[PDB]
């Protein structure tokens, strides 16, 4: 059962979830995606949309990560083209101080020294948005057009035991 990653012309995400970082023990997510679209947002996350945020998307058909926090600020593309209309397995893992991206079972990117332990300075509420950003696309380090005409399935996001809230699922469209 797959859901569309874009619902109409607007750039708003199709789903938002909120997590308690003080309770999280699983810092990875996994999903399958299929698209003919070379550009868009797969997911966005933040503890503060001004000061601590990240984005996984596609640009020129390839994975792109942008992130901005006090440890690191970067815009990186990596991995194979995903816009070939086949299902691809994606996993994003925060391990130690590093973020790992795996595509179809292969590690394609490791961003080192981009994260740290949870400090009382870090706001302990993390949002995850699917298919869109929680700020205007112009606040990205490198703007793109967020709409991603693709399908998502088999998706697991961080640690369900730490989830505080999730948007209503009746706004979702089956593929």
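Residue numbers count along the first chain shown, from 1.
The stretch with the higher mean CA B factor, choosing between 106-114 and 146-154, is 146-154. When the mean C-alpha temperature factors of 115-123 and 135-143 are read from the deposited coordinates, 115-123 comes out higher. Among the modelled residues of the chain, residue 25 sits in the middle third by CA temperature factor in this PDB entry. When all modelled residues of the chain are sorted by CA temperature factor, residue 165 is found within the middle third. Residue-level temperature factors show residue 34 in the middle third of its chain, judged at the C-alpha atom.
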